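One chain follows as C-alpha coordinates, the form deposited without this ligand.
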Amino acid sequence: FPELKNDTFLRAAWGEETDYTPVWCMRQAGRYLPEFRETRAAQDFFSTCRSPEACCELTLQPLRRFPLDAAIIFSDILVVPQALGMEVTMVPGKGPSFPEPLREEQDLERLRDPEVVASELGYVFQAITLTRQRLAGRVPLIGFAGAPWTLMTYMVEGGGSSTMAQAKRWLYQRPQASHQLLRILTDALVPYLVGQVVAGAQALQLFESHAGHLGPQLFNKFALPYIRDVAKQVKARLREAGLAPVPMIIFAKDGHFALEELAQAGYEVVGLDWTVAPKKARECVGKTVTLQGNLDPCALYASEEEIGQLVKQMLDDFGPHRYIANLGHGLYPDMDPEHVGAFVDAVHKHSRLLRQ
(Lines give C-alpha, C1' and ligand atoms only; values in the text may rest on other atoms or scores of the structure.)
Protein backbone atom coordinates (compact mmCIF):
# COMPACT_ATOMS: atom_id res chain seq x y z
CA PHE A 1 0.00 0.00 0.00
CA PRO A 2 1.06 3.62 -0.60
CA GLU A 3 2.56 5.53 2.32
CA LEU A 4 0.12 7.90 4.04
CA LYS A 5 0.80 11.57 3.28
CA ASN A 6 -1.73 13.27 5.56
CA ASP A 7 -2.27 11.36 8.77
CA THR A 8 -3.76 14.14 10.89
CA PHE A 9 -6.98 12.13 11.48
CA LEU A 10 -5.02 9.14 12.85
CA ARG A 11 -2.83 11.26 15.11
CA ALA A 12 -5.85 13.07 16.52
CA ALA A 13 -7.56 9.66 16.98
CA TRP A 14 -4.58 8.27 18.96
CA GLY A 15 -4.66 11.35 21.16
CA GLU A 16 -1.68 13.25 19.78
CA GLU A 17 -1.35 16.98 19.12
CA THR A 18 -1.85 18.17 15.55
CA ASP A 19 -1.45 21.42 13.58
CA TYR A 20 -5.19 21.60 12.88
CA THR A 21 -8.41 19.81 13.66
CA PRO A 22 -9.07 17.04 11.14
CA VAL A 23 -12.59 16.83 9.70
CA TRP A 24 -14.79 14.28 7.93
CA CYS A 25 -18.59 13.86 7.53
CA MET A 26 -20.84 10.92 8.17
CA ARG A 27 -22.47 10.12 4.80
CA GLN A 28 -19.95 12.32 2.90
CA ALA A 29 -20.70 9.88 0.07
CA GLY A 30 -24.47 10.50 -0.11
CA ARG A 31 -27.47 11.68 -2.16
CA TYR A 32 -26.65 15.38 -1.50
CA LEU A 33 -23.99 14.95 -4.21
CA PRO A 34 -25.40 15.07 -7.77
CA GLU A 35 -22.61 12.73 -8.97
CA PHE A 36 -23.68 10.22 -6.28
CA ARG A 37 -27.21 9.82 -7.71
CA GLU A 38 -25.89 9.52 -11.28
CA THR A 39 -23.49 6.71 -10.26
CA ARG A 40 -26.11 4.98 -8.05
CA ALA A 41 -28.54 4.92 -11.01
CA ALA A 42 -26.28 2.20 -12.56
CA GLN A 43 -28.92 -0.05 -10.97
CA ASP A 44 -30.49 0.02 -7.47
CA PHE A 45 -28.36 0.36 -4.29
CA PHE A 46 -27.45 -3.20 -3.12
CA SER A 47 -27.21 -4.18 -6.82
CA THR A 48 -24.61 -1.42 -7.48
CA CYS A 49 -22.93 -2.13 -4.09
CA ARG A 50 -21.71 -5.54 -5.36
CA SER A 51 -19.17 -3.82 -7.64
CA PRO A 52 -15.80 -2.87 -6.10
CA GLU A 53 -15.17 -0.16 -8.75
CA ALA A 54 -18.57 1.43 -8.02
CA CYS A 55 -18.06 1.60 -4.25
CA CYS A 56 -14.52 2.92 -4.79
CA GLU A 57 -15.88 5.73 -7.03
CA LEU A 58 -18.56 6.70 -4.52
CA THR A 59 -15.95 6.75 -1.74
CA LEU A 60 -13.66 9.09 -3.70
CA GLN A 61 -16.32 11.54 -4.96
CA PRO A 62 -16.51 13.75 -1.79
CA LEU A 63 -12.69 13.91 -1.66
CA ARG A 64 -12.65 15.52 -5.14
CA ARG A 65 -14.94 18.22 -3.81
CA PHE A 66 -13.55 18.98 -0.36
CA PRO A 67 -10.21 18.59 1.43
CA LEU A 68 -11.64 16.06 3.91
CA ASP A 69 -9.08 14.55 6.27
CA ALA A 70 -10.42 11.02 5.83
CA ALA A 71 -12.41 8.87 3.44
CA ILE A 72 -15.00 6.37 4.65
CA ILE A 73 -15.75 3.31 2.55
CA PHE A 74 -19.14 3.54 0.92
CA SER A 75 -21.25 0.63 2.14
CA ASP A 76 -24.40 0.08 4.19
CA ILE A 77 -24.72 -1.27 7.75
CA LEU A 78 -27.36 -3.66 6.39
CA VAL A 79 -24.79 -5.75 4.47
CA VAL A 80 -24.09 -7.82 7.64
CA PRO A 81 -27.73 -9.00 8.26
CA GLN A 82 -27.93 -9.57 4.47
CA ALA A 83 -24.70 -11.69 4.59
CA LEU A 84 -26.33 -13.57 7.52
CA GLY A 85 -29.15 -14.60 5.17
CA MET A 86 -31.82 -11.93 5.41
CA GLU A 87 -33.31 -10.64 2.18
CA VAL A 88 -33.31 -6.87 1.58
CA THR A 89 -35.66 -5.07 -0.83
CA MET A 90 -34.93 -1.53 -1.98
CA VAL A 91 -38.18 0.48 -1.86
CA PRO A 92 -38.17 3.20 -4.61
CA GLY A 93 -37.09 6.31 -2.65
CA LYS A 94 -38.16 4.69 0.64
CA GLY A 95 -34.81 3.00 1.51
CA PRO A 96 -33.39 -0.50 2.23
CA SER A 97 -35.76 -2.75 4.17
CA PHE A 98 -36.37 -6.33 5.36
CA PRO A 99 -39.76 -7.45 3.98
CA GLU A 100 -39.52 -10.53 6.25
CA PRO A 101 -38.08 -9.26 9.55
CA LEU A 102 -37.26 -11.63 12.42
CA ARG A 103 -40.40 -12.02 14.57
CA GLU A 104 -39.93 -14.96 16.91
CA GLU A 105 -37.13 -17.07 18.33
CA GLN A 106 -37.53 -19.66 15.58
CA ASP A 107 -36.62 -17.09 12.91
CA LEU A 108 -33.02 -17.26 14.16
CA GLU A 109 -32.75 -20.60 12.32
CA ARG A 110 -32.71 -18.82 8.93
CA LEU A 111 -29.37 -17.16 9.70
CA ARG A 112 -25.96 -18.37 8.44
CA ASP A 113 -23.28 -19.39 10.91
CA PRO A 114 -21.57 -16.06 11.68
CA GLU A 115 -18.25 -17.75 10.83
CA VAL A 116 -19.05 -17.62 7.10
CA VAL A 117 -20.13 -13.95 6.91
CA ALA A 118 -16.67 -12.56 6.04
CA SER A 119 -16.47 -14.79 2.98
CA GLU A 120 -19.92 -13.55 1.90
CA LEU A 121 -18.62 -9.96 2.11
CA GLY A 122 -15.52 -10.37 -0.09
CA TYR A 123 -16.76 -7.60 -2.43
CA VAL A 124 -16.51 -5.13 0.43
CA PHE A 125 -12.92 -6.17 1.15
CA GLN A 126 -12.12 -5.78 -2.61
CA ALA A 127 -13.68 -2.30 -2.59
CA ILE A 128 -11.48 -1.35 0.41
CA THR A 129 -8.20 -2.58 -1.19
CA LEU A 130 -9.04 -0.78 -4.40
CA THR A 131 -9.99 2.48 -2.63
CA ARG A 132 -6.84 2.33 -0.49
CA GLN A 133 -4.75 1.88 -3.66
CA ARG A 134 -6.55 4.66 -5.55
CA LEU A 135 -6.36 7.21 -2.71
CA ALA A 136 -2.61 6.65 -2.92
CA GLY A 137 -2.03 7.72 0.70
CA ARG A 138 -3.84 11.08 0.37
CA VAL A 139 -5.74 10.56 3.66
CA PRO A 140 -6.60 7.47 5.80
CA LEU A 141 -9.47 5.15 4.94
CA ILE A 142 -12.13 4.32 7.56
CA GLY A 143 -13.93 0.94 7.54
CA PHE A 144 -17.23 0.55 9.43
CA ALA A 145 -20.18 -1.59 10.49
CA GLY A 146 -23.34 -1.30 12.54
CA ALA A 147 -23.19 -2.19 16.23
CA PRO A 148 -24.90 -5.43 17.34
CA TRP A 149 -27.96 -3.82 19.01
CA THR A 150 -28.43 -1.44 16.09
CA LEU A 151 -28.23 -4.33 13.62
CA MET A 152 -30.73 -6.23 15.75
CA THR A 153 -33.24 -3.34 15.61
CA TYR A 154 -33.21 -3.36 11.80
CA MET A 155 -33.53 -7.17 11.66
CA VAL A 156 -36.50 -7.26 14.06
CA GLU A 157 -38.27 -4.00 13.12
CA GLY A 158 -37.69 -4.63 9.40
CA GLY A 159 -36.39 -1.08 8.99
CA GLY A 160 -36.85 2.30 10.70
CA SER A 161 -38.86 2.89 13.88
CA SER A 162 -39.61 5.74 16.30
CA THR A 163 -40.13 3.51 19.38
CA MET A 164 -38.23 0.29 18.64
CA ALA A 165 -41.20 -1.32 20.40
CA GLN A 166 -40.86 -4.65 18.56
CA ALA A 167 -37.09 -4.75 19.18
CA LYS A 168 -37.38 -3.79 22.90
CA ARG A 169 -40.30 -6.25 23.22
CA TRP A 170 -37.67 -8.95 22.35
CA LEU A 171 -35.36 -7.59 25.08
CA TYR A 172 -38.10 -7.81 27.73
CA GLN A 173 -40.11 -10.81 26.48
CA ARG A 174 -37.31 -12.86 24.80
CA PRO A 175 -34.13 -11.99 26.74
CA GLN A 176 -32.29 -15.27 26.02
CA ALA A 177 -33.05 -15.26 22.27
CA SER A 178 -32.02 -11.58 22.15
CA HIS A 179 -28.69 -12.46 23.78
CA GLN A 180 -28.31 -15.30 21.21
CA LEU A 181 -29.07 -12.95 18.29
CA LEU A 182 -26.65 -10.31 19.69
CA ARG A 183 -23.89 -12.96 20.02
CA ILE A 184 -24.43 -14.07 16.39
CA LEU A 185 -24.14 -10.41 15.28
CA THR A 186 -20.99 -9.95 17.37
CA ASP A 187 -19.51 -13.20 16.04
CA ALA A 188 -20.13 -11.95 12.48
CA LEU A 189 -18.89 -8.38 12.97
CA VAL A 190 -15.50 -9.36 14.41
CA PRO A 191 -14.28 -11.27 11.31
CA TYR A 192 -15.92 -8.65 9.02
CA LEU A 193 -14.08 -5.78 10.74
CA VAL A 194 -10.75 -7.66 10.88
CA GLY A 195 -11.25 -8.38 7.14
CA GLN A 196 -11.74 -4.64 6.45
CA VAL A 197 -8.40 -3.93 8.11
CA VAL A 198 -6.60 -6.82 6.34
CA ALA A 199 -8.03 -5.35 3.10
CA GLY A 200 -6.62 -1.91 3.89
CA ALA A 201 -8.82 0.04 6.32
CA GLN A 202 -6.77 2.29 8.62
CA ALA A 203 -9.51 3.03 11.20
CA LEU A 204 -12.86 1.46 12.13
CA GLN A 205 -16.15 2.99 13.20
CA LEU A 206 -18.89 1.02 14.95
CA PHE A 207 -22.29 2.75 14.45
CA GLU A 208 -24.73 2.37 17.37
CA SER A 209 -27.39 4.59 15.81
CA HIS A 210 -30.28 3.16 17.87
CA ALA A 211 -28.70 3.44 21.30
CA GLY A 212 -31.01 6.20 22.48
CA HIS A 213 -34.13 4.05 22.54
CA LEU A 214 -32.59 2.04 25.41
CA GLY A 215 -32.27 3.51 28.88
CA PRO A 216 -29.16 2.86 30.99
CA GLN A 217 -30.31 -0.56 32.26
CA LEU A 218 -31.24 -2.18 28.92
CA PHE A 219 -28.17 -0.61 27.34
CA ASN A 220 -25.80 -2.05 29.97
CA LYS A 221 -27.36 -5.56 29.56
CA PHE A 222 -27.89 -5.77 25.81
CA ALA A 223 -25.75 -3.15 23.98
CA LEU A 224 -22.59 -2.45 26.03
CA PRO A 225 -21.24 -6.02 26.52
CA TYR A 226 -21.22 -6.58 22.75
CA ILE A 227 -19.79 -3.13 22.00
CA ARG A 228 -16.95 -4.16 24.35
CA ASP A 229 -16.56 -7.65 22.79
CA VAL A 230 -16.20 -6.24 19.24
CA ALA A 231 -13.26 -3.98 20.17
CA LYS A 232 -11.59 -6.61 22.39
CA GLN A 233 -11.76 -9.38 19.77
CA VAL A 234 -10.95 -7.19 16.76
CA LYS A 235 -7.76 -6.07 18.53
CA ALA A 236 -6.81 -9.63 19.56
CA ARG A 237 -7.27 -11.06 16.09
CA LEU A 238 -5.27 -8.27 14.41
CA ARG A 239 -2.39 -8.67 16.89
CA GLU A 240 -2.33 -12.42 16.23
CA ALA A 241 -2.32 -11.82 12.46
CA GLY A 242 0.86 -9.76 12.81
CA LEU A 243 -1.03 -6.56 11.92
CA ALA A 244 -1.13 -3.14 13.58
CA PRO A 245 -4.40 -2.34 15.38
CA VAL A 246 -6.23 0.69 14.00
CA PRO A 247 -8.03 3.47 15.90
CA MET A 248 -11.59 2.40 16.60
CA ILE A 249 -14.56 4.75 17.03
CA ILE A 250 -17.81 4.01 18.85
CA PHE A 251 -20.66 6.29 17.73
CA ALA A 252 -23.70 6.08 19.97
CA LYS A 253 -26.48 8.32 18.66
CA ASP A 254 -28.56 9.71 21.55
CA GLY A 255 -26.26 8.05 24.07
CA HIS A 256 -25.62 10.78 26.64
CA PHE A 257 -26.38 8.24 29.43
CA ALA A 258 -23.70 5.86 28.19
CA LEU A 259 -20.77 8.18 27.49
CA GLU A 260 -18.91 7.52 30.72
CA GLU A 261 -19.08 3.76 30.09
CA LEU A 262 -18.34 4.17 26.39
CA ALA A 263 -15.04 5.85 27.32
CA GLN A 264 -14.02 2.60 29.10
CA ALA A 265 -15.21 0.23 26.36
CA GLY A 266 -11.88 -0.10 24.51
CA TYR A 267 -12.31 2.51 21.76
CA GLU A 268 -9.84 5.34 20.97
CA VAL A 269 -12.64 7.67 19.91
CA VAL A 270 -16.20 8.29 21.13
CA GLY A 271 -18.43 9.88 18.46
CA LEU A 272 -21.19 12.18 19.66
CA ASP A 273 -24.50 13.52 18.44
CA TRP A 274 -25.39 17.25 18.63
CA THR A 275 -27.60 16.91 21.78
CA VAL A 276 -24.60 16.60 24.15
CA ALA A 277 -22.72 19.83 25.02
CA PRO A 278 -19.03 19.38 24.07
CA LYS A 279 -17.75 20.50 27.50
CA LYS A 280 -20.18 18.18 29.24
CA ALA A 281 -19.13 15.22 27.03
CA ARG A 282 -15.51 16.07 27.95
CA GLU A 283 -16.44 15.72 31.67
CA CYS A 284 -18.20 12.38 31.05
CA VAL A 285 -15.34 10.87 29.05
CA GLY A 286 -12.26 12.29 30.79
CA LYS A 287 -8.83 12.98 29.28
CA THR A 288 -8.09 9.45 28.01
CA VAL A 289 -10.23 9.45 24.82
CA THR A 290 -10.70 11.48 21.67
CA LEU A 291 -14.15 12.93 20.92
CA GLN A 292 -15.59 13.21 17.42
CA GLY A 293 -18.50 15.38 16.34
CA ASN A 294 -20.84 16.94 16.78
CA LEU A 295 -22.46 19.53 14.50
CA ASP A 296 -26.19 19.37 13.97
CA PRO A 297 -26.30 18.37 10.28
CA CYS A 298 -29.33 20.67 9.91
CA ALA A 299 -27.04 23.57 10.77
CA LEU A 300 -25.83 23.24 7.18
CA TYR A 301 -29.19 24.71 6.10
CA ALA A 302 -27.98 28.02 7.47
CA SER A 303 -25.84 30.51 5.54
CA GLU A 304 -22.14 29.82 4.98
CA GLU A 305 -21.43 32.76 7.31
CA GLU A 306 -23.69 31.23 10.00
CA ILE A 307 -22.05 27.79 9.49
CA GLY A 308 -18.69 29.54 10.03
CA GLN A 309 -19.83 31.04 13.36
CA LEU A 310 -21.44 27.76 14.51
CA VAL A 311 -18.21 25.83 13.78
CA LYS A 312 -16.16 28.43 15.68
CA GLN A 313 -18.29 28.04 18.80
CA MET A 314 -18.14 24.21 18.47
CA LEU A 315 -14.33 24.26 18.23
CA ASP A 316 -14.00 26.66 21.15
CA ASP A 317 -16.08 24.26 23.30
CA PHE A 318 -14.11 21.13 22.31
CA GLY A 319 -10.67 22.73 22.67
CA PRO A 320 -7.72 21.76 20.47
CA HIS A 321 -6.71 18.44 22.11
CA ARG A 322 -8.14 14.98 21.37
CA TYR A 323 -10.82 16.10 18.88
CA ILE A 324 -11.96 15.05 15.40
CA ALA A 325 -14.57 17.37 13.91
CA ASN A 326 -17.64 15.77 12.30
CA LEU A 327 -21.41 16.21 12.22
CA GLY A 328 -23.63 14.61 14.91
CA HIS A 329 -25.34 12.57 12.21
CA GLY A 330 -25.07 11.88 8.49
CA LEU A 331 -25.67 14.55 5.85
CA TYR A 332 -29.26 14.72 4.58
CA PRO A 333 -29.84 14.18 0.85
CA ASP A 334 -31.18 17.73 0.43
CA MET A 335 -28.03 19.57 1.60
CA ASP A 336 -26.07 22.01 -0.51
CA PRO A 337 -22.53 20.74 -1.34
CA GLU A 338 -21.29 24.37 -1.05
CA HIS A 339 -22.46 24.41 2.58
CA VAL A 340 -20.67 21.10 3.24
CA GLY A 341 -17.60 22.87 1.80
CA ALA A 342 -18.15 25.80 4.12
CA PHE A 343 -18.17 23.39 7.09
CA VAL A 344 -14.86 21.72 6.08
CA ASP A 345 -13.17 25.07 5.36
CA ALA A 346 -14.31 26.59 8.66
CA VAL A 347 -13.03 23.64 10.74
CA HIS A 348 -9.60 24.01 9.14
CA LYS A 349 -9.44 27.81 9.30
CA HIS A 350 -10.81 28.24 12.84
CA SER A 351 -8.73 25.37 14.34
CA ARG A 352 -5.50 26.93 13.05
CA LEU A 353 -6.69 30.35 14.25
CA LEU A 354 -7.57 28.92 17.72
CA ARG A 355 -4.06 27.41 17.90
CA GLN A 356 -2.51 30.86 17.41
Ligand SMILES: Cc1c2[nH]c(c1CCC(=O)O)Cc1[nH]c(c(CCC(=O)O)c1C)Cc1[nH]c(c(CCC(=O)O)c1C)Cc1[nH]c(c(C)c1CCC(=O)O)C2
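Counting begins at 1, following the sequence as shown.
**Student:** Per the entry, where is the mean C-alpha temperature factor higher: 104-112 or 180-188?
**Tutor:** Mean CA B-factor is higher for 104-112.
**Student:** Please compare 323-331 with 27-35 and say which has the higher mean C-alpha temperature factor in the record.
**Tutor:** According to the entry, 27-35 carries the higher average C-alpha B-factor.
**Student:** Please pick out which of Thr290, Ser51, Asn294, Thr59 has the largest Cα B-factor as recorded in the entry.
**Tutor:** Reading the PDB entry, the winner on C-alpha B-factor is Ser51.
**Student:** Looking at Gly266, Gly286, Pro81, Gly143, which one carries the largest C-alpha B-factor according to the PDB entry?
**Tutor:** Among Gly266, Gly286, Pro81, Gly143, the PDB entry lists the largest C-alpha B-factor for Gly286.
**Student:** Please say which third, lowest, middle or highest, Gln173 falls into when its CA temperature factor is compared across its chain.
**Tutor:** Ranked within chain, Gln173 CA B lands in the middle tercile.
**Student:** Would you mind checking where the Cα B-factor of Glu157 ranks among the modelled residues of its chain, as the lowest, middle or highest third?
**Tutor:** Highest third of the chain for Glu157's C-alpha B-factor.
**Student:** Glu260's Cα B-factor: lowest, middle or highest third of the chain?
**Tutor:** It belongs to the middle third of the chain when residues are ordered by C-alpha B-factor.
**Student:** Which third of the chain does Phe98 land in by C-alpha B-factor: lowest, middle or highest?
**Tutor:** As the PDB entry reports it, the C-alpha B-factor of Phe98 lands in the highest third of its chain.
**Student:** Lowest, middle or highest third of the chain for the C-alpha temperature factor of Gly200?
**Tutor:** As the PDB entry reports it, the C-alpha B-factor of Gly200 lands in the lowest third of its chain.
Note that the form solved in complex with this ligand isn't included here; everything after this is about it.
**Student:** Spot the stretch among 168-176, 74-82, 261-269, 227-235 with residues whose non-hydrogen atoms come within 4.5 Å of this ligand in the deposited complex.
**Tutor:** Within 4.5 Å of the partner lies stretch 74-82.
**Student:** Please state whether every one of the three residues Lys5, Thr8 and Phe125 places a non-hydrogen atom within 4.5 angstroms of this ligand in the deposited complex.
**Tutor:** No, none of the three is in contact.
**Student:** Any of the heavy atoms of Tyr192 lying within 4.5 Å of this ligand in the deposited complex?
**Tutor:** Looking in the deposited complex, residue contacts with this ligand do not include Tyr192, since no heavy atom lies within 4.5 Å.
**Student:** Is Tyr154 part of the interface with this ligand in the deposited complex - any heavy atom within 4.5 Å?
**Tutor:** Close contact exists here: in the deposited complex, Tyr154 approaches this ligand to within 4.5 Å, heavy atoms only.
**Student:** Can any non-hydrogen atom of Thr186 be found within 4.5 angstroms of this ligand in the deposited complex?
**Tutor:** Because no heavy atom of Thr186 falls inside 4.5 Å of this ligand in the deposited complex, the answer is no.
**Student:** Is it the case that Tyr323, even though its partner is missing from this view, gets within 4.5 Å of this ligand in the deposited complex, heavy atoms only?
**Tutor:** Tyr323: no, not in contact with this ligand in the deposited complex.
**Student:** Which pick from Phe222, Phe207, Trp274, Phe257 sits with a heavy atom within 4.5 Å of this ligand in the deposited complex?
**Tutor:** After the contact test, the surviving option is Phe207.
**Student:** Heavy atom within 4.5 Å of this ligand in the deposited complex: which of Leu300, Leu291, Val311, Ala29 fits that? Just give me the one.
**Tutor:** Filtering the options by heavy-atom distance leaves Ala29.
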